[PDB]
Structure formats: C-alpha cells, structure tokens
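All chains are named by letter (A, B, ...) in the order of the sequence lines, taking the proteins before the strands, and each is independently numbered beginning at 1.
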Amino acid sequence: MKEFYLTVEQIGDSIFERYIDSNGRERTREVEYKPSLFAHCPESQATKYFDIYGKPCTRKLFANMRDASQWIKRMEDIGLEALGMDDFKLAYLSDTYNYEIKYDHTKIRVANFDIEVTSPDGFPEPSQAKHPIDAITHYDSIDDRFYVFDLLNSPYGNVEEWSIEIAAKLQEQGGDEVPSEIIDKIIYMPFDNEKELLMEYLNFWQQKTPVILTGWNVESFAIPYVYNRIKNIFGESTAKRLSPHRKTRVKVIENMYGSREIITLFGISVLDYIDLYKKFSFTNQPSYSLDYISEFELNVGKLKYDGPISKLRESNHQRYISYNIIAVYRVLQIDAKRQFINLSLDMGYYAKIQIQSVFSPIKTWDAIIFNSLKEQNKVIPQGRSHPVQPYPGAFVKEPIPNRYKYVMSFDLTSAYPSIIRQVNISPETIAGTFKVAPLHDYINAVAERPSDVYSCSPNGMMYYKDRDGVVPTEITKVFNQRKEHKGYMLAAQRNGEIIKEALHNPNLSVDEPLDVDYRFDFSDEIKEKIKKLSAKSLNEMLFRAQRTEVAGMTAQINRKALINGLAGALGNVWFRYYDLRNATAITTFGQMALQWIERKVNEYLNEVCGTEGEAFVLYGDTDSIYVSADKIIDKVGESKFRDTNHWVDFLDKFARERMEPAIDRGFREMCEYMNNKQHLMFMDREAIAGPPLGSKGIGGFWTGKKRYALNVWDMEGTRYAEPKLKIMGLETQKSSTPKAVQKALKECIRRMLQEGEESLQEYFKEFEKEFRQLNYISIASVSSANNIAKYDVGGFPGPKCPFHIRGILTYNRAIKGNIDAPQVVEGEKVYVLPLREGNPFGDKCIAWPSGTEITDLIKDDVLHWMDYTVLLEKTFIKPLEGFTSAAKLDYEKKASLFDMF
DNA sequence: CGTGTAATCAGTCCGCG
DNA sequence: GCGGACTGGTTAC
Ligand SMILES: Nc1ccn([C@H]2C[C@H](O)[C@@H](COP(=O)(O)OP(=O)(O)OP(=O)(O)O)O2)c(=O)n1
Ligand SMILES: [Ca+2]
Ligand SMILES: [Ca+2]
Ligand SMILES: [Ca+2]
Ligand SMILES: [Ca+2]
Ligand SMILES: [Ca+2]
C-alpha cells in the first residue's frame, strides 16, 4: 500500500512522525528535516521558483529548522519579505507525501476514553487533580475492545469488583443494561490501589498509543486530569509518557472573558467529540451534557441514578462502572451515526495537515493552497499583520409582513464559491480597478460596462480572464466533492419518502428488509418489493435510509462549510491571503446578483401575466428569492386541480420549464455585463409551498427579515409523503425558547398554515388552559451565561445586570453553604425561570445549570413560586401575537352579531 | 480556540412635558 | 408604555 502519516510534530530541529509504512505497520521516525524558504531575486538570476505574481525567487536551504526561523526574524529586522511555508511540519508533509493520500482507517488507532473521579468538595479541578482517579474505560478501535480500569480501594471507599453479569441484565432485573453487543468486548481490570491502576494504564497506553484521541470533554477535563494526577503522584517525566515523544506543553486557551489550560500531547491528535459535534452538527443545543446529546441523537433514555454522583461509587459501584462504560459507548454510537471522525480524517488528509487542524478552516486552506502552488514551483507569500476592519455583507430584502398563500423559492447553488469561480477572485488574479457607479446602476443595467478586458465585480475590482486562480481552482475541487455527497444525501431522502408512502399500506407477513444502497434512487424492481413488505422490515429500511441521509448530510454540509469558510477567510486578518478587496468583491457581487435577478423575475412574470409594476418577488436574503405564485395558480383556477399534489406538479413543472430558463438568461446577460470568466450563477428551485387543496390554511407568512414559515410539499426535488414546515428565525427555531413552547408554537403555526384561523383558536385556548401542568424544565428559557463576576456586586445584581445573570445570582445566594450543590459554570448554559412577587429567593428569577434537575434543596420552592403567567406571556403569547398580526389572523375569537343567539 | 456579515429579539436604563 | 442607545445572545444566510 501507499504510505500515509498519522501524526507529525516539530521538536527542536527534528520532525517526529508516526506513519503507516508500505506494509501497513505503524512506525515512528525522527527526521532532521532541512527546510527551505525563499527570497525575491534579480531577473538576471536563473531560477524555477516564482512568487504568485510571477516574480523570481531564490531558494534558501537551511542546516536546520531553527536557522530557518532565525532567518525569518532577521528579514523582518531588515524589512524584506521572507517567502514560503513557515510551518515546517506542513512543508515536511508536502515533501514526504507528494501525492493524493489514500489512507486506511482500519490501520489508524482511534481511542475513546472517559474517566471517573469521586469528589466530596465539588467539581474536581483538572489543574489541581487532588482526588483519586477511580475508573477509566478506554475503547481501542483496532482491538475493538473496551478496557476497564477499576479502583477497588480508595480513601473515599472500598468496594467489590464490578459484575459483568449484573451489568448485562435489564434495569428491571436490577441490572445496568449494558448493551449485549458490547458485553463480549469488555476487558475488565480491577486494581487494589490507584498507583498500580495508573502504572498499568500507562504501560497499556504505550502498547496501544492513540493516534486520534477522543471522548466527551477529554481535552478540557479527562486529559488534563489524568496528566495532572499522574504528575502529582509520580512526577513530570512519568506524566509525559502520555506523549509518544515524551513532550507535553500546557497550552493556555484565551477567549474574550478569561482563560483555561489544556495539555498538548505531542504525537497525538486530540479530537474532543463535544467540539467535533459543535463544529460539524449544525445544531445549537440547550445542553451539551452527554446524556442530553445522547438522548437527542440516539433516542436513548437518560442514565438514571439515585443521589449525587459524589456518592454513587460507594452507594452503587456496580452502576458507577457500568455508566462509565456506557458513556464511552455512547460517543461511538453518535459517531457511527454522524461520522465526524471519518470527516475529520478525509479533510485532514486532503489538506495534508495535522488531523486536529480541521478545526481551523484558515489552516486547512493555507495547506491546500500551499500544496497546490508547490506543484507548479510557485512560492507562497509571507503572512502579514492587519488591523481588523469592518466590511459589507449580503443584501436582505425587507418583506411586507403578511400571509402568503402560494410560494416558490429559488436560491443559488453554492453562492459565494460560485461567485469566486465565475469572477475568478484570487490573490494573484487581481488585474486592477474601474470607476464604480452606485450599485443600483448595475442592478438596473444602466451603469457603463466596467471592462472590455477583465472579469469584474461591482465593488470596483478587475480580474484576469486568461487563467484560473489557485483559489478558484482549489475551491472547485472541494465543491465537486460536496456535490457528489449532496447527491447521495438527496437520494437517501427521496428513498425515505418512498418507504413512508409504503408504510401507509404495510403487508401482513414475515420477511426481512431489502439489502440496498440508499445513496441511489430506488429502481422500479426495488419499489415493487417495498410495496409488498411488512411494517417491521419497512421501518428498519426507513431507519437505514435515514442513517444514509445523515451520513450524506455530514459529508456535504461540512464541505459546504469549508468552501464557504474560504470566502470568509479572505476577510480574516490571520489568513495568509486576507484581502478586503477580494472579500468585498464576493459580497458586493452577491448583492448585485440577488437584486438583478429579482428585477429579471418580476419583468418575466409581469410579462406572462400581462401586468406591469407588480412585485412577484416578495422576499430574498443573500442569494435567494421567494416568488408569489397565487396568480399562476389563479390563471388555471383552483377548481381545475384534482388534489394538492396536482398543483404541486404544476408549479414544479412551471418552475423547471418556464422560470429556470428565464432565470438562466437573466444571469447569462449579467455574466456578460460583468465580463466574467464563466457563467456559474445557477438558481435552482428550492421550495414549493401552499395550503392543502380545499383547506382554510394560509400557506405561509413573513413577520420580517429572516423570520418566516412555509408549508412545503416539495423541497429540492423531494416530494413529501406529508407536508413539512419550513420555519426560519421564529421562536420555534431558537435554543433559548422553552422546549414545550417551541412545540406549542410549532403546532399553532402548523394549524395556521394547514387548517386556518379557527383551528388555531381551538389550540391556543387549550394550551392556555393546560400549560401550568407542564414539567418545569420543559417551560424554562435557556441562555448562555457569560461574565457572571462582572455583574456580581456582593451577591446581588450590579448595574445593567442581565436577566439570566440575575437568575444565576439568585441561585448562588439560595445554595450558599453547599460545596455539594451544582455550581453554574461561566460560559455554559442555564435554564431560567420567572418568580412571582414575594417569593423567598428575594428576586424576580432563578437560573440553574442547563440539562439538569435543579438541586433538591430548592426545587420544591421554585415549583411553588414559578411565575406561569409571566412565562406564558413572554415566551408564547408575545411571539404568537407577532405571528398572527403578521398573518392578519386572530388567536382569540372576536365577538360577532351571532353571539346574540 | 477554531472563516465572514445581516438581522431580530429580550432586557436595562431612561427619556418623553 | 414605547423608543433609542446599549448590552447580550442567537439565528439566516
Ligand atoms: N454558514 C454559512 C451559510 C451561508 N453563508 C454565505 C455563503 C453562502 O454561499 C451564501 C448562501 O448561503 P446558503 O446557505 O444558501 O449556502 P450555499 O449557497 O453556499 O450552498 P447551497 O448550494 O446549499 O445553497 O451565504 C456563509 O457565509 N456561512
Ligand atoms: Ca461519566
Ligand atoms: Ca444557496
Ligand atoms: Ca439548490
Ligand atoms: Ca403494501
Ligand atoms: Ca439560500
């Protein structure tokens, strides 16, 4: 096989590299890598190296890496550009793996671990590590085994061995329901004392050294705790054994408000799953506890125990250990679904970066672009310092707040990256500037044609047309990968709707699910078989279809995030290719394209309807238009349609056969007007929305910018078995809105869009009647909690104290005295509840850590003093009033003359 | 910690005769 | 009470 690296480090003048050799063996080598850097040289000097602008460079080879670094400093002291890859490990990878890397994940050791630590005096600080480590479960991907390290004897209690037999039993048998599929995979090792546990752990670590290290909060908790505990007990040199090259560094992570310490393990790639999840999931959660995310992702029940975790080991060590093992499995279960490790490896190896750099789109693109230029003997510029400057973004059209019955939406495929490709925007393709008219003049096509030589953006920039820039070239590569995966995602999604349809009429039989590839549209033969299958088999097929769709979504959306990240990177000061002329070329061209095409679409539709001056485009944001289709429907007349699906076909065919051609002509002209390199403005139909045929549903409504709801029957070619709500920006979509409130508001909206005014009045009335029965957590607001100390003046609110911060301050006073009661963590999320006047907490709200039950000490009082009325008004009634007034509907029945009877 | 800007909204403080 | 200036936080794209 072709070789690939696992990890790379610079340590002094050596590169340390762990790799898979041509035989599939893990090896390690120390290489005295001699780096090259570059200086501009005279034209008279013969060379094959040129900077990106075609200026000649001389290569400077250095005895070692420290010399290369000192050279960079001296070139600054002289005031001359020092060109080339200054991150030597990236240059080393570029020299050592000069081909498209094909990696084999089966050869990569992926470790997944979690530790337990009993503490009586509150949260156990990683930096102190003053309490014994009393359990470690460490899953190894190569062995496919859970290794369990269990402390039987501790200053906090002596216990019996854990029982695998009780662990396997149902909760109802007194067992812990450790899943049967991992029971045979557990290797359990009890220890008489912490020193031997930890020494054996380290010996084990050396035999099975993680390449990828993951878990839940491993970077912020487990790794620093293990490192610091071993350090405290045995000394530094022993703790550094966690690094295969025996090097570690305390790294200080700085944010706006403060700082925290992590331990960098040279020769390991830490991908903490909570951070993988945050970057790649595209969710915002009310809580990031493993229980919470596990429930959301997998639909598994919370791990239930009696009393605090501080007492669980001594009260119930059996369950203590079992829950430690299950915690590790849960991360694996989420990964099997979401496939974030897979994604990380794909992107890391494509970029030829340390795998943990996937967290940084800047570092990712710097490496991609560097390797691309290197292929042509081109030399990258030195990084420069820049002051942070604001710059303009997208255009958002102000909508008339209203109901909107029939809507068709269109938006650009991969808008910003298509803009880069069409205009040819790149650091080295800048050809000059032209004199800019007001944007409006370009929008209406009255401005002078910017150039007859170069490809232009309405911000004033001109670009070469003779060759593609490295940025267009490389962005196109990831775009194509994205497109392939999105294709698989959409097929799996359409296949899911076939299964849902067939579930309406399931067969009374015993059979098995069909073995198929859900990434490809089902053939007719597959469709026939499905029509004959049992509900059990169909449901399994649906689950599989949905896992396939999830797999495609991860792969597509994060490639989309990556290429969109490059347009953004051009406006970040730390990016080697930062240039506000290019960033602004993208956003300004975007503003033009949207408003240009609104004009074109209005002109087209007025033409087919024989009107003038009528606004068919009601809304738009960045690269999207929302077209009112009432008039298209009315021209044939509602009476002519057999059912809902009949008008949906009509609109689908109208959008595809009439509007998309007109949209294309409109953008082709604009491409010519800007003299761009290549027409890439592709505005495909997104949604077809409307009320159910013959219903009183309003179809859709806008309250304002970025705030709307639509009843969608067809989405990007997927025809739903059941209509699906597309709700953006409204309270149903915000993690801050109470769970039960999101649910209730969603149902109000469903009823408005699908059923009408009366149905909405029916539901509202019931919700108002019954809401006080709702579990308190379901009706608590959620907020992030920053700067708690800044507003803390002797335990009470300082000036301008935020509501949720007041909540926390109230909480702190209530739980004073207790080291035991959960502390709110700065920067994390809290649940928030209003309190009735005259409550014993002496304030108007209370907040406590999110994803948790509030401590038993004060729970009963909170429930008794909860202000349901204020809660109702602020989270439900006010947003609903917003929706209804926009839609010109009433949530409460108005008096009529008929009331006289 | 980790690419960008536009936008609504909750809440505090305080004006507004 | 409603708005503006302002702080905080969260979403659309
Ligand atoms: N997280 C995001 C999403 C959007 N955008 C910018 C770049 C996008 O190109 C543009 C339009 O947003 P879309 O959500 O429609 O994304 P794309 O057009 O890129 O992809 P798609 O083909 O899925 O529509 O807005 C961004 O900067 N970052
Ligand atoms: Ca745990
Ligand atoms: Ca788009
Ligand atoms: Ca599309
Ligand atoms: Ca059937
Ligand atoms: Ca869009």
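- Taking atom CD1 on A:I586 and atom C1' on B:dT5, their separation rounds to 12 Å, with Å as the unit.
- Proximity of A:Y626 to A:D621: side-chain heavy atoms (C-beta onward) are nowhere separated by under 4.5 Å.
- If you take atom P in B:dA7 and the same atom in C:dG9, they sit 22 Å apart, rounded to whole Å.
- Between A:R260 and B:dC1 there is a side-chain polar atom (N or O) within less than 4.0 angstrom of OP1 or OP2.
- Contact annotation: A:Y791 reaches the phosphate of C:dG8 (side-chain N/O to OP1 or OP2, under 4.0 Å).
- Other residues, nucleotides and ligands contribute more than 12 heavy atoms inside 6.0 Å of the NZ atom of A:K705.
- Phosphate contact (OP1/OP2 of C:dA12, side-chain N/O of A:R707, threshold under 4.0 Å): absent.
- The CG atom of A:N459 sits 19 Å away from the P atom of B:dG4 (whole-angstrom rounding).
- When the side-chain nitrogen and oxygen atoms of A:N564 are compared with OP1 and OP2 of B:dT3, none of them lie within a distance under 4.0 Å.
- Within the structure, every side-chain polar atom (N or O) of A:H804 is placed at least 4.0 Å from both OP1 and OP2 of B:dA10.
- Note on A:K734: every side-chain N or O is 4.0 Å or more away from OP1 and OP2 of C:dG9.
- An OP1 or OP2 oxygen of C:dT10 is reached within less than 4.0 angstrom by no side-chain nitrogen or oxygen of A:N284.
- Taking only side-chain atoms of A:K705, from C-beta outward, the nucleotide of B:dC1, B:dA7, C:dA12 with the closest atom is B:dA7.
- Contact check, A:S360 against B:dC1: no side-chain N or O comes under 4.0 Å of OP1 or OP2.
- Between A:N786 and C:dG9 there is a side-chain N or O to OP1 or OP2 distance below 4.0 Å.
- Between A:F771 and A:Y868, the ring planes are perpendicular. Angles over 60° get that label, and only those under 30° would be called parallel.
- Residue-to-nucleotide proximity on DNA chain B shows that, of A:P879 and A:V396, the 5′-proximal contact is made by A:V396.
- Aromatic ring orientation, A:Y288 versus A:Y277: perpendicular (interplanar angle above 60°, classes split at 30° and 60°).
- Look at A:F359 and the base of B:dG2; the rings stack, centres closer than 5.5 Å and planes less than 30° apart.
- Although no hydrogens or angles enter the test, the distance criterion places a donor-acceptor pair under 3.5 Å between the side chain of A:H804 and the main chain of A:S784.
- Between the side chain of A:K706 and the base of C:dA12, a donor-acceptor pair under 3.5 Å is found.
- You'll find a donor-acceptor pair under 3.5 Å spanning the side chain of A:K800 and the base of C:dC6, going by distance alone.
- C:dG3 and B:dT8 have their P atoms separated by 14 Å, with the value rounded to a whole Å.
- Remark: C1' of C:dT10 and NZ of A:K278 are 15 Å apart, rounded to the nearest angstrom.
- Along DNA chain B, the nucleotide closest to A:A567 and the one closest to A:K397 are compared, and the more 5′ of them pairs with A:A567.
- Using a 4.5 Å heavy-atom threshold, the side chains of A:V436 and A:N459 count as separate.
- Proximity of A:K844 to the phosphate of B:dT12: a side-chain N or O atom is located under 4.0 Å from OP1 or OP2.
- Residue side chain A:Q356 does not reach the base of B:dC1 through any donor-acceptor N/O pair under 3.5 Å, judged by distance alone.
- For A:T703 and B:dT8, the shortest distance from a side-chain N or O to OP1 or OP2 is not below 4.0 Å.
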